[PDB]
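Just so it is clear: chains get the letters A, B, ... in the order the sequence lines come, proteins before strands, and each one is counted from 1. Just so it is clear, the values below take in all heavy atoms, side chains as well, and ignore hydrogens, waters and symmetry mates.
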Amino acid sequence: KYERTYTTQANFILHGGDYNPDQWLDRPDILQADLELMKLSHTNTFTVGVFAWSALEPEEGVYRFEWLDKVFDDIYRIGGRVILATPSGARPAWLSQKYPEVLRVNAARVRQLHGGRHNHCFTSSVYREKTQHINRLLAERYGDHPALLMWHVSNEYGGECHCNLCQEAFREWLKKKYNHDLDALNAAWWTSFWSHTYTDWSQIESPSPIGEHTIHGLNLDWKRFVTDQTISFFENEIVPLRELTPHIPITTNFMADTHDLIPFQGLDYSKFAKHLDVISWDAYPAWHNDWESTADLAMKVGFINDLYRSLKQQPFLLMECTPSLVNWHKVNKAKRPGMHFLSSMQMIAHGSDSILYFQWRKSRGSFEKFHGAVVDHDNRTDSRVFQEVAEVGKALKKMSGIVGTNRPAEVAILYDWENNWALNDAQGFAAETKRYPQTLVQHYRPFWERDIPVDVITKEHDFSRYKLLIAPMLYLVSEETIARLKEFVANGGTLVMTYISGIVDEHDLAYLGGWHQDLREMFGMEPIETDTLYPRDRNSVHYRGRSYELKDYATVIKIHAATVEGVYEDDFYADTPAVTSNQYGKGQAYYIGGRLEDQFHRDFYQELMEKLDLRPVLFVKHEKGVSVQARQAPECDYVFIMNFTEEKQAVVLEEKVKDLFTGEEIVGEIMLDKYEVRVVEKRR
Amino acid sequence: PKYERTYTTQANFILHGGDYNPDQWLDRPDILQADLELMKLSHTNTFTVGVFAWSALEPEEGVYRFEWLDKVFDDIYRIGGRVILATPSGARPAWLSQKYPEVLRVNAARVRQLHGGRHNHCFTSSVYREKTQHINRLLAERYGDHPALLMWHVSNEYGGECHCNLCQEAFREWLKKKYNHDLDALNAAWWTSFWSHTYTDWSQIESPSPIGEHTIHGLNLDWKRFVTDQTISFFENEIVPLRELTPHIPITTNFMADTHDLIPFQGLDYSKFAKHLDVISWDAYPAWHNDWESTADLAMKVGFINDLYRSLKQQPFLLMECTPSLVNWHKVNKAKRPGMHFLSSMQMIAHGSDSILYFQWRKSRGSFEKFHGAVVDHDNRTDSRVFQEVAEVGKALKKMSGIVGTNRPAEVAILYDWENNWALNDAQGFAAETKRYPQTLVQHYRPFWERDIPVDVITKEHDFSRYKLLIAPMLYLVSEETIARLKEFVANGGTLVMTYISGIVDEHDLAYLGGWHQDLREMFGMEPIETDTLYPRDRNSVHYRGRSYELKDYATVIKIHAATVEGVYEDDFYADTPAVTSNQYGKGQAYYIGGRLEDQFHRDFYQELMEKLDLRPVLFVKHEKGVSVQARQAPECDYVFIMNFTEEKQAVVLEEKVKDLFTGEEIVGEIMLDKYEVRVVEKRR
Ligand SMILES: [Zn+2]
Ligand SMILES: [Zn+2]
């Protein structure tokens, strides 16, 4: 099909980002300069009002919208658009002072004072009332303004409250979940252990470092409630948005948890996604760090992109990146010349219809005054950051055909938030080596190196759309999910699972009496022991004429109908099966019993690539470090050839294509400089 | 004026002794008797009494026990000694905490503390201000005219903060004064529009907190300033009766360094506190013989702090505390090796101290510091190596009374700023672990120490014009006013050196807008446009005077105007662009060093400045690295200390002849120094 699917009314790639004139109302000269600089930076879309509550309502019921009126008209006049934010991300001081109930109580049951941001009690009726009301005012005043493009609801939702109100909300939530049956809750959580059985709903409290933290069922269900109540707060926020502005798409900005760029762990975005119109996220890779290559980092970014793109199977919106550096890393090193362009192109390549920044103009003071922005304190255009921002903008202006385009994949990696939660909470294995999302990226690596399109999906997605489904460490899995995987393989799908998959149900309750019969039958084997190793421990697995290094985990395997593809070579399970395959119905299922070195995954997945005919959208010959990614329109392929190394790289096109920017025809060998990106069109 | 002596106390001798706590031994007249005899044998003469003696002075409220202290004053006087009398506010009795809980601190997390420890009173409480002032008054009434009384030791190691509602209100009143009750001004200064933090009533503003607001830099900064001010106010309150009843008695309080790298104490702005004291005094606990640096590097750090604290009031300072052996609270409590105590004491005198004072005289039998070093061990022996080396120091000091009150003018200044330290440390940016501001200053001190060139480490509260060479590294925060002073300084012939991450931010931690401040741009004939922050494994290099020098941590991209390019970067995207610049401005010169460069760079750079400006030691002595030569100057003569801070024999060469202050022997030419040996030498002017 390849039919374009737009997420906003914009038929151009958005460029710009967080704009905060509310910090400059006393500086009209700066405000005027902004418009001209926006034109010079080729930016067109600005996210306004994320923390402007005290600017909009300096005193309770006393409103000041005129500065905002003016910002709307001015941005419209230069041909810009506004992404309007609701301001719930930071309550005014007056509000905390008059309504203390909006201040959080943390898990150690300490009531917080006013300060910071993103930290309201998510249950408080007052904060729900106020936020919905100011949202209603905003939607009334600006809803049909021609500059408006999208709603940016709150900012970076996350965190928890453990106040009395929240305790009660949690009790009600549990009553709904377990159908008011305390026996069912007790059974699910296995509270007979350490005499924790609850005999009244009133007894149940959120987990705490000074209370109860030894009940996994309580811990998991608490995380679930935190997600549901967050989403509830959001719905309450958007009621006036849906009533008065049904024509305006709604998003909220997702995060990656620091360093490894893993999915945000504080909220189940797979559940949140269903409540949004378009997915948006905030990406802050620590480019040029000294513990990994540029390629590894880019590969991680690519993975997160494939995840947030896949949530709604439609273009996503990069809501935030820094055009230079951040303020809050251990080392706030700036992007090198070329790296900003490269990173931006990579966002487009994995499905983004925007390049948006935090921030437009560096705050003169306070916590993020040294966070990167388009415009430095010097107010110069004569700046490498500003110039490279302008170059990205000029490029995007030529890429409007890519807007709304999709990019189907034959390969999916299954990720599961609740599984991540339950696995991290589990007392077992080795705390420091569980590393679930990182492991997923290790299975992503061979496909990234081969430029094979991947979806990172959740159990909410249709499995059958794929030739290959990879589910590492699916430790927590429900019988429903199991049944769907069973169906997937039986109908012809290829399924790969690993060590520490299928241990536990959705209650974190161990599956009893051996492996679940469906898994045992699909895989033609079953795990009987997980061997957890110390850091210096090693094993190896011999596979296709090669011995591959094993660290961290091994699985003793009992064979039923399965073929043994590889074996362990040391320890008490030396020469026992380590890697298996099994024909099940029209499909196949592979078990990888140990954590093996990169080359193992290269060689193992190469076989499935050949067997299942997994190809890149457009083949490009290149060394490691060069990423080729594509987006597909009905009449053409758009292909990004990206040099994520600090060397020149020779690449080869086997087919003629057109440079998207210059029009130039191109085929054969070409040279990319360090961080160079070529964007090409190939006619279909 | 001409090198004239300036005496800080009535003593014409170098104080030797330290904290004396007979209040812990009142049931042991044998120990108190032995104390006096051993005081004679150790040649100690000055003792700090009463530092934690409140509970001994007022065992219950309104019930006093001064007789034991009377006998202490008389007894110490009898054997020819003096008393530094301390006020006891350093630790309140348990009855006081119990009856008046308002004196207990509320920490940053808003937890009320229980009674215990020390140094930890609420600095706002009217009750504690009144009780401490009153007992101070009883003390001055009773001992003020006693001949043994030498100096007041007000409280002990001031430090810490309180966040109780009393303190919140006092902070609010402080802020109203500072900003002229103008909430717009406060909100503008702190940039509170960011994250919707704008305050619409003074009652909303509270101190920063781990469970509240810790993301507003201006609030954090102003809170530290208020902590300093409120501490000083408490001090003034303490000393009211001391001024009334004993105006002729000098007042001090003991300062600290902050652990490991011996950096200036970070808890209080001493450049502000110094103005309130008659004399500066401080407590030195270097971790001698540690396994991570040479004895020479540590000694250099110590000398840096000495230069700082001497320079605060540009007069001799008083070493109030050091250990004659080991301490109790270090991760590794290693004792001084034989000779090291003598050496370190001499170093203290050489950089300006008119005292060698210990903590403590006699080891505590129990509690937290029962294993802290002291002159007298638990065995009460004079046979002790510690006792003997203390005695040797005493014997040496008795021959050194001519050094008392001598000063030591320097032609080189290093500018340090407490508020800059605060603001740079709190800032979100650069790299947390590599900012290392005070350490960096020590890096710039290093070549001058290695050349025995006298250095003042000054604050913006000082006359810049008195120096040839002013070194102000990483002056991230700086006011318009200080900038103007710098400008004048260079214009009238001053030579100024600044570095990366200097002049970024004003006194509100508000970023200077629109490029570098005009005055600085003009002065240096260049401007910084980008600060490159590097990862630990990252490296660069600067080519300068024909050599490559290694760069780590920070680089600065530089735009040239009138300035001469002296050195350039050699790698990364700013390769072959300027890293080191010089610029003539009016009668003076301004140098900018763009990157953080290895030791040898500073050696060569500053060597050139030393030749250029004719920077010399007071007396040249030829020696290898790790021998420190430092001097004090009298009208009639120079007193020169030649100190071997290495663990080996050391050949040293005097070109002019001098007289050994201990033996009278005239010496000249080569001299061998054994390990840790000091030579104290006199040269007639
Ligand atoms: Zn709550
Ligand atoms: Zn207080």
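Heavy-atom distances place the side chain of B/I504, and not its backbone, under 4.5 Å from chain A. Residue contact with chain A, scored on non-hydrogen atoms closer than 4.5 Å, involves the side chain of B/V505 exclusively. Of the atoms belonging to B/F194, heavy atoms from both backbone and side chain fall under 4.5 Å from chain A. Neither the backbone nor the side chain of B/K435 comes within contact range of chain A; no heavy atom of the residue lies under 4.5 Å from a heavy atom of that chain. Heavy atoms closer than 4.5 Å to chain A are found in both the backbone and the side chain of B/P536. Both the backbone and the side chain of B/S203 come within less than 4.5 Å of a heavy atom of chain A. In this structure, chain A has a heavy atom under 4.5 Å from the side chain of B/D572, while its backbone stays farther away. In this structure, the portion of A/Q97 lying under 4.5 Å from any heavy atom of chain B is its side chain and not its backbone. Using a 4.5 Å cut-off between heavy atoms, A/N20 does not touch chain B at all. Interface remark: A/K369 contributes side-chain atoms only to the contact with chain B (heavy atom separation under 4.5 Å).
Comparing A/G89, A/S324, A/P337 by how many heavy-atom pairs each has under 4.5 Å with chain B, the most go to A/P337. Among the candidates A/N379, A/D378, A/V385, the residue making the largest number of heavy-atom pairs closer than 4.5 Å to chain B is A/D378. Between chain B and the residues A/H371, A/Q23, A/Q112, the most heavy-atom pairs under 4.5 angstrom are made by A/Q23.
When the shell of 6.0 Å around NZ of B/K176 is examined, it contains more than 12 heavy atoms from other residues, nucleotides or ligands. Within 6.0 Å of CD on B/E433 lie no more than 12 heavy atoms contributed by other residues, nucleotides or ligands. With a 6.0 Å radius and a threshold of 12 heavy atoms from other residues, nucleotides or ligands, B/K178 has its NZ atom above the threshold. Counting non-hydrogen atoms of neighbouring residues, nucleotides and ligands closer than 6.0 angstrom, the CG atom of B/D201 exceeds 12 such neighbours.
When all heavy atoms are compared, the tightest approach of A/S366 to B/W190 is CB-O, 4.2 Å. The shortest non-hydrogen separation linking B/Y199 to A/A93 is CD2-CB, 4.4 Å. Smallest separation of non-hydrogen atoms from B/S196 and A/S54: OG-N, 2.9 Å.
In this structure, CG in A/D382 is found 7.0 Å from CD1 in B/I529, a value given to the nearest 0.5 Å. With rounding to the nearest 0.5 angstrom, the CG atom of A/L113 is 5.0 Å from the CZ atom of B/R110. Distance check, rounded to the nearest 0.5 Å: CD of A/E368 to NE2 of B/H217 gives 9.0 Å. Atom OG1 of residue B/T200 and atom CD of residue A/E59 lie 6.0 Å apart, to the nearest 0.5 angstrom. Once rounded to the nearest 0.5 Å, the distance linking OG1 of B/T533 with CG of A/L325 reads 7.5 Å. Rounding to the nearest 0.5 Å gives a distance of 11.5 Å between CG of B/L534 and NE2 of A/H288.
Between the B/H197 side chain and the A/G116 main chain, a donor and an acceptor come within less than 3.5 Å of each other. At least one donor-acceptor pair under 3.5 Å links the side chain of A/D290 to the backbone N or O of B/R537. Within the 3.5 Å criterion, the main-chain N or O of B/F430 finds a donor-acceptor partner in the side chain of A/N332. Within the 3.5 Å criterion, the main-chain N or O of B/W195 finds no donor-acceptor partner in the side chain of A/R117.
Taking B/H508 as the reference, nothing meets the ring-ring contact (aromatic ring centres under 6.0 Å, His included) condition, with sequence neighbours excluded.
Ring pair A/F370/B/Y476 is perpendicular by interplanar angle, where above 60° counts as perpendicular and below 30° as parallel.
Here salt bridge (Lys or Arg N to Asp or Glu O under 4.0 Å) pairs that include residues 514-533 of chain B, with residues two or more places apart or in two chains, are A/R336-B/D532, A/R380-B/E527, A/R384-B/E530, B/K487-B/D519.
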